[PDB]
>>> print(open('target_2.txt').read())   # compact mmCIF, C-alpha atoms and all ligand atoms
# COMPACT_ATOMS: atom_id res chain seq x y z
CA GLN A 1 52.52 94.40 12.26
CA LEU A 2 48.81 94.95 12.56
CA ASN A 3 46.76 96.56 9.80
CA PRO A 4 43.72 98.81 9.10
CA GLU A 5 41.26 95.87 8.95
CA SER A 6 42.54 94.67 12.34
CA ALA A 7 42.56 98.30 13.51
CA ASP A 8 38.77 98.57 12.86
CA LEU A 9 38.26 95.29 14.80
CA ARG A 10 40.17 96.78 17.78
CA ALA A 11 38.03 99.89 17.56
CA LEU A 12 34.94 97.66 17.62
CA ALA A 13 36.28 95.69 20.64
CA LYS A 14 37.01 98.98 22.43
CA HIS A 15 33.55 100.34 21.72
CA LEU A 16 31.84 97.18 22.94
CA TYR A 17 33.94 97.00 26.13
CA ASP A 18 33.18 100.66 26.79
CA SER A 19 29.43 100.04 26.34
CA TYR A 20 29.57 96.90 28.47
CA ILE A 21 31.08 98.82 31.41
CA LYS A 22 28.41 101.49 30.94
CA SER A 23 25.55 98.97 30.88
CA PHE A 24 26.50 96.41 33.56
CA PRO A 25 27.06 97.88 37.03
CA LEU A 26 28.73 94.77 38.44
CA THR A 27 31.53 93.60 36.15
CA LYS A 28 33.44 90.33 36.32
CA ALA A 29 36.55 92.25 37.56
CA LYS A 30 34.55 93.63 40.47
CA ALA A 31 32.91 90.25 41.12
CA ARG A 32 36.30 88.47 41.26
CA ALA A 33 37.80 91.10 43.57
CA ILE A 34 34.82 90.59 45.89
CA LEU A 35 35.07 86.78 45.69
CA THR A 36 38.88 86.67 46.11
CA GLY A 37 39.43 88.95 49.16
CA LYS A 38 40.91 92.14 47.65
CA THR A 39 39.07 93.46 50.62
CA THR A 40 38.29 94.82 53.97
CA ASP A 41 35.71 97.04 52.25
CA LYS A 42 34.10 94.75 49.67
CA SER A 43 33.41 91.68 51.82
CA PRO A 44 29.96 90.14 51.20
CA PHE A 45 27.61 88.97 53.93
CA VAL A 46 27.26 85.21 53.46
CA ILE A 47 23.87 83.50 53.40
CA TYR A 48 24.23 79.74 53.97
CA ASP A 49 21.10 78.80 55.99
CA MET A 50 17.72 80.02 57.27
CA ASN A 51 19.01 82.22 60.13
CA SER A 52 21.83 83.76 58.08
CA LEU A 53 19.22 84.42 55.41
CA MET A 54 16.93 86.12 57.97
CA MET A 55 19.98 88.09 59.18
CA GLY A 56 21.20 89.13 55.73
CA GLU A 57 17.67 90.25 54.86
CA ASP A 58 18.18 93.80 56.19
CA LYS A 59 20.49 95.14 53.45
CA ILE A 60 18.41 94.12 50.41
CA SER A 61 6.61 87.16 54.86
CA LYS A 62 6.31 84.30 52.35
CA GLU A 63 8.07 80.89 52.30
CA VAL A 64 11.91 80.96 52.03
CA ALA A 65 12.23 79.15 48.66
CA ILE A 66 9.68 81.47 47.03
CA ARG A 67 11.42 84.58 48.42
CA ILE A 68 14.74 83.47 46.90
CA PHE A 69 13.18 82.44 43.56
CA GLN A 70 11.28 85.72 43.31
CA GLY A 71 14.42 87.65 44.30
CA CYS A 72 16.10 85.77 41.46
CA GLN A 73 13.32 86.62 38.96
CA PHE A 74 13.56 90.32 39.88
CA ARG A 75 17.30 90.43 39.26
CA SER A 76 16.72 88.67 35.93
CA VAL A 77 14.32 91.48 34.97
CA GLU A 78 17.05 94.00 35.83
CA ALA A 79 19.57 91.97 33.86
CA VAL A 80 17.18 91.98 30.88
CA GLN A 81 17.07 95.78 31.08
CA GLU A 82 20.88 96.05 31.28
CA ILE A 83 21.32 93.61 28.39
CA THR A 84 18.76 95.53 26.31
CA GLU A 85 20.67 98.76 26.95
CA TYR A 86 23.87 97.04 25.93
CA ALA A 87 22.30 95.52 22.77
CA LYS A 88 21.39 98.96 21.47
CA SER A 89 25.06 99.90 21.52
CA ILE A 90 26.00 97.00 19.21
CA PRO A 91 26.56 98.74 15.91
CA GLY A 92 23.79 97.87 13.46
CA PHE A 93 21.46 96.34 16.06
CA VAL A 94 18.99 99.23 16.32
CA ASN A 95 18.94 99.60 12.51
CA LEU A 96 17.47 96.10 12.17
CA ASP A 97 13.80 95.46 11.62
CA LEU A 98 12.07 96.15 14.91
CA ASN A 99 10.54 92.63 14.95
CA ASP A 100 13.97 91.09 14.59
CA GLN A 101 15.37 93.28 17.39
CA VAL A 102 12.65 91.89 19.67
CA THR A 103 13.34 88.32 18.46
CA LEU A 104 17.08 88.69 19.04
CA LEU A 105 16.50 89.90 22.58
CA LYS A 106 13.85 87.29 23.28
CA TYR A 107 16.19 84.37 22.53
CA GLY A 108 19.42 86.10 23.48
CA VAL A 109 18.74 87.58 26.93
CA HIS A 110 18.73 84.29 28.88
CA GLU A 111 21.87 82.92 27.33
CA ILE A 112 23.55 86.21 28.26
CA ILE A 113 22.12 86.07 31.76
CA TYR A 114 23.79 82.69 32.41
CA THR A 115 27.07 83.79 30.75
CA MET A 116 27.27 86.81 32.99
CA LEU A 117 25.92 84.97 36.04
CA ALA A 118 29.05 82.79 35.76
CA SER A 119 31.04 85.98 36.49
CA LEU A 120 29.28 86.10 39.85
CA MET A 121 29.88 82.43 40.67
CA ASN A 122 32.53 80.14 42.00
CA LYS A 123 32.13 76.46 42.94
CA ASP A 124 30.84 77.47 46.41
CA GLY A 125 28.13 80.05 45.62
CA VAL A 126 26.95 83.20 43.88
CA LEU A 127 27.20 86.91 44.57
CA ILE A 128 23.83 88.53 45.14
CA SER A 129 22.37 91.97 45.67
CA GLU A 130 25.02 93.90 43.67
CA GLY A 131 27.80 91.91 45.33
CA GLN A 132 26.84 92.81 48.94
CA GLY A 133 25.80 89.21 49.59
CA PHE A 134 26.97 85.72 48.76
CA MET A 135 24.50 82.83 48.69
CA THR A 136 26.06 79.39 49.01
CA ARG A 137 25.52 76.68 46.42
CA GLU A 138 24.72 74.18 49.19
CA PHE A 139 22.03 76.46 50.66
CA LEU A 140 20.31 76.84 47.26
CA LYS A 141 20.49 73.06 46.73
CA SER A 142 18.76 72.49 50.07
CA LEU A 143 15.59 74.32 48.98
CA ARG A 144 12.32 72.35 48.80
CA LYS A 145 11.43 70.82 45.46
CA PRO A 146 11.21 72.05 42.77
CA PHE A 147 13.48 74.96 43.84
CA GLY A 148 16.46 73.00 45.24
CA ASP A 149 17.43 72.27 41.65
CA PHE A 150 16.96 75.64 39.95
CA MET A 151 20.54 76.96 40.33
CA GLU A 152 22.52 73.67 40.00
CA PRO A 153 22.90 73.63 36.23
CA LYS A 154 23.95 77.32 36.36
CA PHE A 155 26.77 76.56 38.81
CA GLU A 156 27.77 73.51 36.75
CA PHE A 157 28.13 75.70 33.68
CA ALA A 158 29.85 78.52 35.56
CA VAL A 159 32.69 76.32 36.91
CA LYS A 160 33.55 75.15 33.38
CA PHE A 161 32.96 78.54 31.72
CA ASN A 162 35.09 80.27 34.35
CA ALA A 163 37.99 77.88 33.58
CA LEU A 164 38.31 79.81 30.28
CA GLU A 165 39.40 82.83 32.39
CA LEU A 166 37.74 85.43 30.18
CA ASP A 167 37.77 89.02 31.33
CA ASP A 168 35.06 91.61 30.76
CA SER A 169 36.70 92.87 27.53
CA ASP A 170 36.37 89.34 26.09
CA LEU A 171 32.83 88.94 27.47
CA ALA A 172 31.68 92.24 25.94
CA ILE A 173 32.30 90.88 22.49
CA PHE A 174 31.05 87.36 23.23
CA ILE A 175 27.69 88.59 24.50
CA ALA A 176 27.37 90.79 21.39
CA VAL A 177 27.96 87.61 19.33
CA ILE A 178 25.22 85.79 21.26
CA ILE A 179 22.63 88.55 20.66
CA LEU A 180 23.29 88.79 16.92
CA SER A 181 22.45 85.13 16.18
CA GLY A 182 20.86 84.75 12.74
CA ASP A 183 19.63 81.25 13.65
CA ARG A 184 16.90 82.60 16.00
CA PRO A 185 13.39 81.25 15.29
CA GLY A 186 11.10 83.63 13.41
CA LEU A 187 13.74 86.10 12.15
CA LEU A 188 12.53 88.05 9.13
CA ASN A 189 15.86 89.25 7.64
CA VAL A 190 18.65 86.86 8.59
CA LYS A 191 21.34 88.33 6.31
CA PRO A 192 21.81 91.73 8.01
CA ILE A 193 22.08 89.88 11.34
CA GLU A 194 24.61 87.41 9.96
CA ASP A 195 26.72 90.23 8.53
CA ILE A 196 26.91 91.96 11.92
CA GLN A 197 27.71 88.69 13.70
CA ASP A 198 30.45 87.94 11.19
CA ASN A 199 32.18 91.19 12.05
CA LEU A 200 31.63 90.56 15.78
CA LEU A 201 33.13 87.08 15.34
CA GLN A 202 36.12 88.66 13.66
CA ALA A 203 36.50 91.15 16.49
CA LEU A 204 36.11 88.34 19.06
CA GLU A 205 38.76 86.20 17.38
CA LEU A 206 41.31 88.98 17.27
CA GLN A 207 40.49 89.95 20.89
CA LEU A 208 41.14 86.43 22.20
CA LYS A 209 44.37 86.09 20.20
CA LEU A 210 45.77 89.37 21.61
CA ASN A 211 44.41 89.01 25.13
CA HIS A 212 45.00 85.27 25.51
CA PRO A 213 47.94 84.49 23.15
CA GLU A 214 48.93 81.30 24.99
CA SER A 215 45.38 79.95 25.27
CA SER A 216 45.24 77.73 22.20
CA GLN A 217 41.92 77.57 20.33
CA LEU A 218 40.22 79.66 23.02
CA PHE A 219 37.99 81.10 20.26
CA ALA A 220 36.67 77.65 19.29
CA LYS A 221 36.25 76.57 22.97
CA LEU A 222 34.25 79.73 23.73
CA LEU A 223 31.99 79.17 20.68
CA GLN A 224 31.37 75.60 21.87
CA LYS A 225 30.01 76.97 25.18
CA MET A 226 26.96 78.16 23.20
CA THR A 227 25.75 74.60 23.34
CA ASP A 228 25.90 74.60 27.13
CA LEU A 229 23.99 77.88 27.37
CA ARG A 230 21.25 76.71 25.02
CA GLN A 231 20.84 73.63 27.23
CA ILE A 232 20.68 75.58 30.51
CA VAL A 233 17.92 77.74 29.02
CA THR A 234 15.92 74.72 27.86
CA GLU A 235 16.09 73.16 31.34
CA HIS A 236 15.24 76.44 33.03
CA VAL A 237 12.10 76.86 30.91
CA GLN A 238 11.04 73.28 31.71
CA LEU A 239 11.48 73.92 35.43
CA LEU A 240 9.36 77.07 35.08
CA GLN A 241 6.54 75.00 33.58
CA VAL A 242 6.71 72.82 36.71
CA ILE A 243 6.63 75.88 39.04
CA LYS A 244 3.61 77.44 37.31
CA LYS A 245 1.61 74.24 37.86
CA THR A 246 2.75 73.43 41.41
CA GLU A 247 2.86 77.04 42.72
CA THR A 248 -0.28 78.58 41.17
CA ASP A 249 0.04 81.34 43.80
CA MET A 250 3.44 82.47 42.57
CA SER A 251 3.41 85.37 40.13
CA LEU A 252 5.87 85.47 37.25
CA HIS A 253 7.08 88.86 35.99
CA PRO A 254 5.43 89.65 32.60
CA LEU A 255 8.69 90.65 30.94
CA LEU A 256 10.01 87.15 31.75
CA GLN A 257 6.60 85.63 30.83
CA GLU A 258 6.80 87.10 27.28
CA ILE A 259 10.42 85.97 26.83
CA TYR A 260 9.45 82.38 27.86
CA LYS A 261 6.34 82.43 25.64
CA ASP A 262 6.71 79.69 23.00
CA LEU A 263 10.48 79.32 23.36
CA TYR A 264 12.43 76.57 21.53
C1 LIG B 301 15.50 86.52 49.71
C2 LIG B 301 16.23 86.98 48.44
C3 LIG B 301 17.61 86.32 48.36
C4 LIG B 301 18.45 86.81 47.15
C5 LIG B 301 17.78 86.47 45.81
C6 LIG B 301 18.74 86.29 44.62
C7 LIG B 301 18.82 85.00 44.13
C8 LIG B 301 19.63 84.66 43.05
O1 LIG B 301 19.64 83.36 42.66
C9 LIG B 301 20.34 82.57 43.61
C10 LIG B 301 20.40 85.61 42.38
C11 LIG B 301 21.31 85.30 41.16
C12 LIG B 301 20.61 84.66 40.12
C13 LIG B 301 20.38 85.05 38.78
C14 LIG B 301 20.90 86.40 38.21
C15 LIG B 301 19.61 84.10 37.82
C16 LIG B 301 20.32 86.92 42.88
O2 LIG B 301 21.06 87.88 42.27
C17 LIG B 301 19.50 87.28 43.96
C18 LIG B 301 19.50 88.77 44.39
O3 LIG B 301 20.29 89.56 43.81
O4 LIG B 301 18.70 89.14 45.29
>>> encode(input="target_2.txt", output="structure tokens", more="lines below")
Ligand SMILES: CCCCCc1cc(OC)c(CC=C(C)C)c(O)c1C(=O)O
Amino acid sequence: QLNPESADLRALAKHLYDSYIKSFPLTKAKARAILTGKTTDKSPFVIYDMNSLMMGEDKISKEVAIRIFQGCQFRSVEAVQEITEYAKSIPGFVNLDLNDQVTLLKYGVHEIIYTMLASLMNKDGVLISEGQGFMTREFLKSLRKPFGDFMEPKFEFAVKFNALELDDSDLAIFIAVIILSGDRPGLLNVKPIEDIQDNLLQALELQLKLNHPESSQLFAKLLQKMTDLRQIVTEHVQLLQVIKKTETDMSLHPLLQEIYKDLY
């Protein structure tokens, strides 16, 4: 037995998953198949040092660390665009006060970036350039200060987050829950946001119970990961303050600039 209330939650889950696939070109399922070797055709070129970097750099001038960081900032900008497209599909989102929509995106995009970045990670590195490349965790750690530390907390989070074994259908709802957070600073009308999140939370809970019936309290464990994300973002923003002051010759994309502007 499942009922009409639960039926509407399944319809919501379906809609979100559909929109997620439409918005995010490289899904977790694709990322895993690339990372696991379901493959003679999907094998990534692996960047693990300077030469391999130079070699890989014909499928994608200045210092290596800056090239990587700026490559990372550019992909973040693209992720922001994809996440914004996805957000508009969340029912109710575009009906919210325009200021609140902006606020939700402002505080939500980075937490989603790191959630979804985990899909592209294992303990040994991260998929890059639409999955055509793989950059090792050790290579990123070897970068001159203050870059050698920029990806470490993301990997640390990914390894733990990935142990939840969520699939894209789960993630579609979870990232919707993240965006529709009524606790964001400066929100004008919290109640309409809370009402949407409540329904998302309901959809998320049913989704995890059906998809992961033997994974006890998965719902609670997932919600607790919010803390980790919030912390990654805080550290990232701090590191960015360091970069701005040490690398005055390194331009930061304005979209990212505005998101970081007076954040937490
Ligand atoms: C000389 C550029 C090397 C790749 C830069 C890069 C770096 C990078 O950080 C290691 C990432 C993933 C990171 C985020 C989405 C934050 C990337 O997706 C990419 C990319 O797609 O090009």
>>> atom_distance(input="target_2.txt", atom1="atom CA of residue A:22", atom2="atom CA of residue A:109")
17.4 Å
>>> closest_residue(input="target_2.txt", among="A:31, A:176, A:50, A:21", to="residue A:64", atoms="only C-alpha atoms")
A:50
>>> residues_around(input="target_2.txt", residues="stretch 256-263 of chain A", least_positions_apart="4", cutoff="12 Å", atoms="only C-alpha atoms", output="VMD selection string")
chain A and resid 70 72 to 81 102 to 111 184 to 186 230 233 to 241 244 251 to 252
>>> write_last_selection(input="target_2.txt", atoms="C-alpha atoms", output="PDB file, in the coordinates of the input")
ATOM      1  CA  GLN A  70      11.280  85.720  43.310  1.00  0.00           C
ATOM      2  CA  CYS A  72      16.100  85.770  41.460  1.00  0.00           C
ATOM      3  CA  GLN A  73      13.320  86.620  38.960  1.00  0.00           C
ATOM      4  CA  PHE A  74      13.560  90.320  39.880  1.00  0.00           C
ATOM      5  CA  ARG A  75      17.300  90.430  39.260  1.00  0.00           C
ATOM      6  CA  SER A  76      16.720  88.670  35.930  1.00  0.00           C
ATOM      7  CA  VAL A  77      14.320  91.480  34.970  1.00  0.00           C
ATOM      8  CA  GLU A  78      17.050  94.000  35.830  1.00  0.00           C
ATOM      9  CA  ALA A  79      19.570  91.970  33.860  1.00  0.00           C
ATOM     10  CA  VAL A  80      17.180  91.980  30.880  1.00  0.00           C
ATOM     11  CA  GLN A  81      17.070  95.780  31.080  1.00  0.00           C
ATOM     12  CA  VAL A 102      12.650  91.890  19.670  1.00  0.00           C
ATOM     13  CA  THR A 103      13.340  88.320  18.460  1.00  0.00           C
ATOM     14  CA  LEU A 104      17.080  88.690  19.040  1.00  0.00           C
ATOM     15  CA  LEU A 105      16.500  89.900  22.580  1.00  0.00           C
ATOM     16  CA  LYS A 106      13.850  87.290  23.280  1.00  0.00           C
ATOM     17  CA  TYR A 107      16.190  84.370  22.530  1.00  0.00           C
ATOM     18  CA  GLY A 108      19.420  86.100  23.480  1.00  0.00           C
ATOM     19  CA  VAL A 109      18.740  87.580  26.930  1.00  0.00           C
ATOM     20  CA  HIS A 110      18.730  84.290  28.880  1.00  0.00           C
ATOM     21  CA  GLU A 111      21.870  82.920  27.330  1.00  0.00           C
ATOM     22  CA  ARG A 184      16.900  82.600  16.000  1.00  0.00           C
ATOM     23  CA  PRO A 185      13.390  81.250  15.290  1.00  0.00           C
ATOM     24  CA  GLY A 186      11.100  83.630  13.410  1.00  0.00           C
ATOM     25  CA  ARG A 230      21.250  76.710  25.020  1.00  0.00           C
ATOM     26  CA  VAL A 233      17.920  77.740  29.020  1.00  0.00           C
ATOM     27  CA  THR A 234      15.920  74.720  27.860  1.00  0.00           C
ATOM     28  CA  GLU A 235      16.090  73.160  31.340  1.00  0.00           C
ATOM     29  CA  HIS A 236      15.240  76.440  33.030  1.00  0.00           C
ATOM     30  CA  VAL A 237      12.100  76.860  30.910  1.00  0.00           C
ATOM     31  CA  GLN A 238      11.040  73.280  31.710  1.00  0.00           C
ATOM     32  CA  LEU A 239      11.480  73.920  35.430  1.00  0.00           C
ATOM     33  CA  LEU A 240       9.360  77.070  35.080  1.00  0.00           C
ATOM     34  CA  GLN A 241       6.540  75.000  33.580  1.00  0.00           C
ATOM     35  CA  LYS A 244       3.610  77.440  37.310  1.00  0.00           C
ATOM     36  CA  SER A 251       3.410  85.370  40.130  1.00  0.00           C
ATOM     37  CA  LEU A 252       5.870  85.470  37.250  1.00  0.00           C
TER      38      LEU A 252
END
>>> closest_residue(input="target_2.txt", among="A:229, A:203, A:166, A:255", to="residue A:215", atoms="only C-alpha atoms")
A:166
>>> closest_residue(input="target_2.txt", among="A:196, A:112, A:150, A:120", to="residue A:36", atoms="all atoms listed in the file")
A:120
>>> closest_residue(input="target_2.txt", among="A:162, A:169, A:119, A:216", to="ligand LIG 301 (chain B)", atoms="all atoms listed in the file")
A:119
>>> closest_residue(input="target_2.txt", among="A:208, A:175, A:11, A:158", to="ligand LIG 301 (chain B)", atoms="all atoms listed in the file")
A:158
>>> atom_distance(input="target_2.txt", atom1="atom CA of residue A:69", atom2="atom CA of residue A:46")
17.4 Å
>>> closest_residue(input="target_2.txt", among="A:59, A:222, A:190, A:242", to="residue A:205", atoms="all atoms listed in the file")
A:222
>>> atom_distance(input="target_2.txt", atom1="atom CA of residue A:136", atom2="atom CA of residue A:149")
13.4 Å
>>> residues_around(input="target_2.txt", residues="residue A:58", least_positions_apart="2", cutoff="12 Å", atoms="all atoms listed in the file", output="JSON, numbers by chain")
{"A": [45, 52, 53, 54, 55, 56, 60, 129, 132, 133]}
>>> residues_around(input="target_2.txt", residues="residue A:159", least_positions_apart="4", cutoff="12 Å", atoms="only C-alpha atoms", output="PyMOL selection string")
chain A and resi 114-115+117-126+137+152-155+163-165
>>> decode(input="target_2.txt", residues="stretch 92-106 of chain A", atoms="C-alpha atoms", output="compact mmCIF listing (two decimals), in the first residue's frame")
# COMPACT_ATOMS: atom_id res chain seq x y z
CA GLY A 92 7.41 27.24 -6.47
CA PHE A 93 10.96 28.59 -6.76
CA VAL A 94 10.37 31.06 -9.59
CA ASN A 95 7.14 32.26 -7.93
CA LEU A 96 9.12 33.52 -4.93
CA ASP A 97 10.07 37.14 -4.48
CA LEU A 98 12.84 37.86 -6.94
CA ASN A 99 15.16 39.06 -4.13
CA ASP A 100 14.70 35.79 -2.29
CA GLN A 101 15.39 33.78 -5.46
CA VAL A 102 18.72 35.60 -5.74
CA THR A 103 19.43 35.06 -2.01
CA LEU A 104 18.63 31.35 -2.24
CA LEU A 105 21.00 30.93 -5.17
CA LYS A 106 23.69 33.07 -3.58
